[PDB]
Every structure is written in C-alpha cells, then in structure tokens.
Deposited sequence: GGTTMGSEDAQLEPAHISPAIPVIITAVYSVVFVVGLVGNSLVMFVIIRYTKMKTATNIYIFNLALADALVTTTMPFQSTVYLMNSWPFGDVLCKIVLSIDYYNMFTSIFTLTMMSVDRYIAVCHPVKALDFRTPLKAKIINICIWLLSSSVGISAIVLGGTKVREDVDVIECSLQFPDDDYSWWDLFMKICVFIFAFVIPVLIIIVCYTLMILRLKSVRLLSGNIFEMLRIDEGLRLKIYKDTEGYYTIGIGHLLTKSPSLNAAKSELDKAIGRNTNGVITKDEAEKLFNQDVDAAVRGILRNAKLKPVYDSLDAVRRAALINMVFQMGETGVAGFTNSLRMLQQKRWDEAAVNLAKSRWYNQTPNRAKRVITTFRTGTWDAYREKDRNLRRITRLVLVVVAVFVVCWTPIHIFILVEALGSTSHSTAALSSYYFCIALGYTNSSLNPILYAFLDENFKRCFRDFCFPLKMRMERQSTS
C-alpha cells in the first residue's frame, strides 16, 4: 500500500525528534541545575545520554536502508557500531543500578538525600561506561566495511575471521543475550519482587502502637484530670473515678510499686502502657465479637482496633457490628464510611479519623506522615524499566533466534523500531511520572 512509506516516514521522524530533542533536554536540565541531582536523576542522565547517542544513528539506519549499502566508510561504521553496542549495554546496566538504588532506598529515606548518594551515582555511571567499553571498544576494532558478492552493495559490520565468523558471531551474540539481557533483567525482577516485600514490611513496622496512642491519648508524668474530670496519668490510664486525689495517688502507687506522690518516670509510664495494651488485647480475645475480627486483621489494623478499646472499652467497640463484619470481610472503605457516621466520630472527630484512616489504608499514614515522593520516584523507575524490557525484548530474542537457527527482514526492522521508540519514550515518561522534571522542563522551555 502507498500509505506504508508515508506512515513510516512520519512515525520515524517523531521518534527521532522526541528521542534526540527529548533526551538532550533532560541531560542539559540536570547538568545545569544543582537544585535537582539525585541518585535516581544522575542515572537517568546516563540513560538519556545513551538514548540520545543511539537516536542520532537513526538517520544512518534509514539512509542505509534506502540505499541498501553503507556509504559512510570505515570510521563511521566503527563508530555507530560502538554506539549501537554502548547504548545496548549502557542503558540496561543503568536501569539495573537504578532498580538497586530504589531497592536500598525503601529502608533509607534519610541517606537518599545526602552529599554522597548523588556522587556515588556519578561514579557508578562511569563504571558502567568502562564495563560497556568491553564491547564498545571491541566494536571500534572489529567494525569494518566490505564489498559483498557480485552486488555493488557495501556491508557495515563486525569483522571476525573468515568462515569462523559464524562461531565468533554466535559466541558474541550469546554473550550479549546473557549479559545485556538475561542477567540484568532477572536481577531487576528479583530487585522488585523483593522491593514490594520490603515495602510491605516497612508499612507495618514504620509505626508502633505506642506512638499511636501517645498521640491520641497523650502522655503525662504527673496525675491530671480526664476530659470527664477523672484522675489519670501516663497514657490514658484512669486511676480512679472517685473525687479524691489521695485515692488516685493510692491507686497509682499500687500500679507502680513505689510511693509516687502522683509522679512517675517516663519508663514507668511505658511499663504501665504495655500493661494496659496487654489487658485490652486479652479483653478482645475474650470477647466473642472482637476475637474473630482481631485474628483476621493485620497488625496495623489491629492497632486501630486496640486503639478503640482503649478509648471506649471492649463493650463500646463491639456495638459496631455493622462495621466489624465489614472489616472481617476486608471491605475497608465500606467500614470507614459507616464508622464516620457514628457518635464516636462526632464527639472525637480528629482521633476517629486517624483510626478510620488506619482501618482503611492499613498503614500508619494517619499518625506517621509518609513521604509520597519515595513511592512516586520508585514507580517512575519501575515503569521506565517495564517499558524498556517490552521494547528491547523483541530485538534480543530475534537476534538470538536467527543465530541459533538456519523474507522475515520486516520483523527485524519492527524490532529495531521498538528499541528506537524506547529512546523517545523515556523523555516523556520522565515528564509525566516525575513532577520535578515537569516543573524544570516548564521553567526552562517556557519562562
């Protein structure tokens, strides 16, 4: 059909421009602005660099395809080959190191922002370029031109010993498939499967029940009066309801084991708290309605349940039958919507929300403000990798299959088209999945 060339020409151009103008824009935006040089970005720079270099080979790819020969002579042949191979290795290694970076990021939100973290990244980038020189440089040496057959066409390619070109070619191409694909991709996959585990682990262990109730119930090292006027101390520990400070001091002294005079140490208050928690838990497991719900909840949502018993007691909580069964069916919002309608919510809105937020999200976000950036950045890296693999897999299997086996040139060019498309996609991905890039691109391209 007459449309094919037109469509291909158009697509080809868009990819080249976005791929070349896109990545070159990224590289610059970073190098110039110290404001944004982060472990993740320094890698992206390396990525964009490889992706920009490779995009400049498009006008060679096509012009070669049109003439069906290599006009560019030896030098250019040796160069674009070393690019071809540098891009291939450089970008995959970078993405693996990015994943690894994200991996150690989930347990270190503090070190992520440091003097070294960005610097280490710079160094690694180089190490990647040195390792890639392995095949990058050998591409410069082996790269060469030859006049094939009777045809007046010229071929640009790596030149191995004649006849045994087959073995060395097969040898190299397999090595490529091992090191530039199999290893990194699996390493990456392992990197993420484990990362989601560390995240699950961090979402439970990022907060304890002590930090929770200390925010809702407060902490006092001296006897004080409840909101209802009752004498209490520490974290929501009712001493007595009777209006005698001497009784509150009496009851308190039995609680600690010494003569307190209405004054307890922080440590003592923790011991008291831990006893009160245990007491509440024993009460939950003794209660017919709460036990099954408690057993069925994750530790974070359990904390919320304990939190409620602390405030209104075991009996008070069991009356939320409609919301309890919903939790036991893991219908988190349905539960959250019902609890908000309760009187408990009306008379203590702020706290109630924090508890409901816990039941709904299954996290400590209500109590322990989490940085949304770590998750946003991590999903940036994930997607970029995801897209890469999708785009570079067709080409890696196609080169492997042709070599291992004994028309179909269309498939090659399609596979080639993806790898090129990947390079024009990344720049876009940076812009939509990282609000800092979007602000920098904006402020730079439209001031």
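- Residues of the deposited sequence lacking C-alpha coordinates fall in the stretches 1 to 17, 424 to 428, 470 to 480, numbered from 1.
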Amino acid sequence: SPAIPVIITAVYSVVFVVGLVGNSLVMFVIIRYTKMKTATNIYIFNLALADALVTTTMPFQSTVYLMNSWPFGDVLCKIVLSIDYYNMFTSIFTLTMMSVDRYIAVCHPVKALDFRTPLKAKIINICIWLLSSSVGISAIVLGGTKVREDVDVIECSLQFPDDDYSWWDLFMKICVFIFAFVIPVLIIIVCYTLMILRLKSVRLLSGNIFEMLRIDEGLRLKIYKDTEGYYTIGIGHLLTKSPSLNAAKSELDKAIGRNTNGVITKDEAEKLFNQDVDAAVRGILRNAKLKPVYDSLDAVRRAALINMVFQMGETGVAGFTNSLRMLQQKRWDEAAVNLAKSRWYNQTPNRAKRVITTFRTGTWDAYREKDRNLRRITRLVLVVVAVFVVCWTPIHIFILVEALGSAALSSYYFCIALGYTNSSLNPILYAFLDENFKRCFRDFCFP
From here on, numbers count along this sequence of modelled residues.
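- When the C-alpha B-factors of 142 to 150 and 168 to 176 are averaged, 142 to 150 comes out higher.
- In this entry, 31 to 39 has the higher mean Cα B-factor, the comparison being between 58 to 66 and 31 to 39.
- Per the PDB entry, 315 shows the highest C-alpha temperature factor of the residues 275, 133, 246, 315.
- If you compare the C-alpha temperature factors of 252, 209, 352, 110 in the entry, 110 comes out highest.
- Residue 84: CA B factor in the lowest third of modelled residues in this chain (values from the PDB entry).
- Residue 115 sits in the highest third of its chain by CA B factor, as recorded in the PDB entry.
- The deposited CA B-factor of residue 234 belongs to the lowest third of values across its chain.
- Per-chain ranking of the deposited C-alpha B factor places residue 262 in the middle third.
- Residue 436 sits in the highest third of its chain by CA B factor, as recorded in the PDB entry.
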